[PDB]
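Next comes just one chain, in structure tokens: the form deposited in one PDB entry.
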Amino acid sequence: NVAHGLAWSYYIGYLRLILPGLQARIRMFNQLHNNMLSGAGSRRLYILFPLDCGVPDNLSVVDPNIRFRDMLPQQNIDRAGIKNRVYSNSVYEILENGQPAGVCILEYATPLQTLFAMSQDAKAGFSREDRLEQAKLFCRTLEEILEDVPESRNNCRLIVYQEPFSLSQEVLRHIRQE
């Protein structure tokens, strides 16, 4: 199942690596940028999961209420022969009525671009309904791996959504949760 591969790829090749040392890179960010990620809703990685598989590379474009602030300190790992493979995250202010109402670390789940792609292939196949079906399983499979590792919930939130819808707002919702 493609989705299980995508989900295991995301965990193994990324989360499992990135998640143990997030709070470390955040204590550093606060010392460096004047205690910006102070709040509890600020000390997690918010991962956007459009079930439509539509994933823009620039967030400010898509919702002008999401403004780039800085990047977390870089994290450098030897990976499968690549020396110092770089793992980098970005920090964002979210706006409400043009005011900075909250800050967080934010990105999309990259492999949904891959799912989209497979789906448009003239021989691979899928349809919108098959692709949406695989997107949900991707998400479901990712959740259930994350359970066996309670370093997840402290460190990361999944934000899942389908568009049959305010992005900067739904992000504030979760930030304000904590």
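By rigid core we mean the largest C-alpha set that fits within 1.5 Å across both forms. All residue numbers are counted from 1 along the displayed sequence.
The discussion below concerns the form deposited in another entry, not included here.
- For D57, a C-alpha deviation of 2 angstroms or more is recorded between this form and the one not shown after rigid-core alignment.
- Annotation for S38: C-alpha shift of 2 angstroms or more between this form and the one not shown, rigid core superposed.
- Inter-residue distance, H33 to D57 (Cα): increased by at least 3 Å in the other form versus the depicted form.
- In contrast to the form presented, in the other form the C-alpha positions of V61 and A135 draw closer by 3 Å or more.
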